[PDB]
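# So I pulled this structure from the PDB, and the sequence comes with it:
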Amino acid sequence: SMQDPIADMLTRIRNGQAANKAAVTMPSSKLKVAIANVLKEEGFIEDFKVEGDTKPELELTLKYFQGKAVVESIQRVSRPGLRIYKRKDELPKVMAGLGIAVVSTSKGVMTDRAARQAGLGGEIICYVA
Amino acid sequence: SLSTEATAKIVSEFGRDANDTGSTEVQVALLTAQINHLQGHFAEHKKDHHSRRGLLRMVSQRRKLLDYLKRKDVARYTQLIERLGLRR
Amino acid sequence: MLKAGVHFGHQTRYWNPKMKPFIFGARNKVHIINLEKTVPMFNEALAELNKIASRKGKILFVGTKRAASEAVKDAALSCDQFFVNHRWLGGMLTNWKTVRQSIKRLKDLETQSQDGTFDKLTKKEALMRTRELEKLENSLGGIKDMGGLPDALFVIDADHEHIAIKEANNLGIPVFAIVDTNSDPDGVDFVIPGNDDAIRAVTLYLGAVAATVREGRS
RNA sequence: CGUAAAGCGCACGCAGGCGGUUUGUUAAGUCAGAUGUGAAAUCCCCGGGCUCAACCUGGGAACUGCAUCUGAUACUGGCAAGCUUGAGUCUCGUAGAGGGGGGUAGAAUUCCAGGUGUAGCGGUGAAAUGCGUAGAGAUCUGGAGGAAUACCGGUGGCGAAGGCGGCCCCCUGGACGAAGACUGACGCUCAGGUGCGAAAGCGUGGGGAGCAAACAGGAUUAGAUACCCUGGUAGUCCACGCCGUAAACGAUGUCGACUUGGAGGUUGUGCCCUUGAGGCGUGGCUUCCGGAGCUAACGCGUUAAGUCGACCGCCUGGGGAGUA
């Protein structure tokens, strides 16, 4: 019952696109906002608001290139039931290198590409094709 | 059903104060009060299976609270069990 | 820009959520449409027509309900266009390769009727062709002169006429539908929210289209 | 893993697995670098030598690993301190065939005791067995008992599931709602284990109206070890134990989050007018129709078989066999 809110974030985004909602709100947390920045800086989302005092309401404005969803695929990997860690030079490319693999590093969260140029691995969170 | 009056005596006897009705300490007494109470109704009738499932729950309820309270502050744990007669 | 009184929004409780962007709650459990976002619609789509009309394109006006079919009849026969007011013959467009043959039959008979053969066998069967002429009449009457494929489908109702919309959509052709609260706008290209079945509604509609199409050959 | 093989009958629950959120802290797992080592051969890479090749052979890479040392501290873990949106407690109420125990009411059936009265009654496709002139059936009055609760009654309600139905009383479980107060992650799942678990069946003692396996007679029938009829024992009912199986079935494990709608039913509750059987909202359970999507298709469809996460059970061609 609500084991991994990280997967919850993704799902609420995946389901958000299906309904073509403008923005999907969720109970923010430090970790989630970290991921949100990666996506926005990448271009899968627009302008997350982190409203909240003790009830963090992170609402994510969604992007639509056309009447088609921008996020073409979002699947989580290191789940609570199973974590996954990969060596620096062993990261896997997403969509032949035109997607992203949001990876948590000793230097925080970043894109899989950011990790290589920074030369460090870590816990791969998820894929966004 | 642990008459309103019964609770009004129990809460004053265990919690941090009279307005307290949520604290782990108090909650345990309430269950035990009920558990002890059903003994007669269950040592007798010996058949109300539907009712017993009701009882059996609060037994489970109680234990979980204690286990929580034991790992948190053995101090309050040791006193409550001593002040409430349990731990077979 | 409320030109005339009642066009605001109607038809039901059992609406269609697909048009949730265009609604207002009414005091009958009936919906009321936000024509405010519609004012830009019919203004804009008319420009589309004007451009294509000058391209010497064709505009096809379909009406139904038996009520406003007459109104539409006047619309196409007012500038130069074609119309379909009776039962939209399933597949005239996607299967035009054969419906073309039906058209030829009418033209010949049209000659055979006003000046042609009318007594060669017996009045009883001479009557047969006449009533047959009536059959092709209400079907391919206001379309006989087209002889090809149109380039714009102006449709009054999207409920009764989803049949053609899908067909038109299946072809490389744009459509213009006066969709209603219980209509699917996803089959349309340049949506027009508002009423469809109201009698006076089309009168406002078509004439507005009639003028735009009248000048649109500039 | 709805219908093809595959959700334990349902549930509680130890070990086990996983775990909300804030901050600090430590640096175990994780990451970076270096180091020691990881036998040679073999494989791979670039060369070389036998007329080429097979083959021999130089240098490198690799040996996917492990141990140590030093940095990194995001994520998971250990510790400490909180927070409240998860969970739980209290107060005031609500609906209900929820469970066990004790009484009780009326209709009806059967039997017994009389009154009235007379040749059929009953049964079926027809008929026969059978009941009856010792006087039935029918009808009236009185009594005896056993079991089940017409109407209300409703893809209505309650319960984990099996299930649960006249009325009254006692003991008692759970669910849900308004409004806040309070505790402060105390959770979800769960092998082994324990409990509950239809009908039938079993044991000991009661009860025995109706119904009815077995059994008998009479028909039907080519036969009829049946289907039909007349009777009828165990059983069905109560008490205490055992059995542990059902097509125990929405053939759909439990819990949680997110994702257009419509008509209904039922039970709470705030508000506008109760101004007139109402209108405006928010919650709990449940019925049907269908969007996206999903699917082998049928269909499911905010109570999902849609999109995901936690944990557990289970399947691996049919028959042999759920048997030895």
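Arrived safely. Numbering: from 1, shown residues only, chains lettered A, B, ... in the order given.
# What are the boundaries of the helices in chain C?
C:38-54, C:69-76, C:96-114, C:123-140, C:162-170, C:199-215 (DSSP state H).
# same check, this time on chain B
B:4-14, B:24-43, B:49-72, B:74-84.
# To residue A:2, which of those helices lies closest?
When the helices of chain B are compared by C-beta to C-beta, helix B:49-72 sits nearest residue A:2, at 19.4 Å. For the C-beta atoms, the positions are set from N, CA and C on the backbone; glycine is no exception.
# Mind telling me which residue is nearest the centre of the chain?
Answering for chain A, as no chain was given. By C-alpha atoms, centre = their mean, chain A has its centre lying nearest to residue A:35, at 4.9 Å.
# Chain C, not that one
residue C:62 (1.5 Å).
# same check, this time on chain B
By C-alpha atoms, centre = their mean, the most central residue of chain B is residue B:31, 2.4 Å off.
# just checking, that residue touches residue B:63?
No: using C-beta atoms under 8 Å, residue B:31 makes no contact with residue B:63, being 9.5 Å away.
# and among the helices of chain C, the most buried is which?
helix C:69-76 (a mean of 20; mean count of other C-beta atoms under 10 Å in any protein chain shown).
# so what does that one touch, helix or strand wise?
Packed against helix C:69-76 by the contact rule (3 or more C-beta pairs under 8 Å, 6 or more residues apart in numbering or on different chains; DSSP states H and E) you find strand C:60-62, strand C:82-84, helix C:199-215.
# any chance of the ones you listed in TSV, plus distance to residue A:120?
Compiled in TSV, those are given as follows (distance: least, C-beta to C-beta, whole Å):
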stretch	distance to residue A:120
strand C:60-62	65
strand C:82-84	69
helix C:199-215	65
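# Count residues in the vicinity of the nearest residue to residue A:2 once chain neighbours are set aside, would you?
Nearest residue to residue A:2, sequence neighbours excluded (C-beta to C-beta, 6 or more residues apart in numbering or on different chains): residue A:8, at 7.1 Å. Residue A:8: 15 surrounding residues under other C-beta atoms under 10 Å in any protein chain shown.
# quick one: residue A:8 and residue A:15 touch, right?
No: look at residue A:8 against residue A:15 with C-beta under 8 Å: they stay out of range, at 10.4 Å.
# Against residue C:80, how distant is the residue sitting furthest away from the middle of chain B?
Within chain B, the residue lying farthest from the chain centre (C-alpha atoms, centre = their mean) is residue B:47, at 23.1 Å. Look at residue B:47 and residue C:80: by C-beta to C-beta, to the nearest Å, they are 92 Å apart.
# Could you do residue B:36 as well?
In terms of C-beta to C-beta, residue B:36 sits 97 Å off from residue C:80.
# more crowded one of the two?
residue C:80 (14 against 11).
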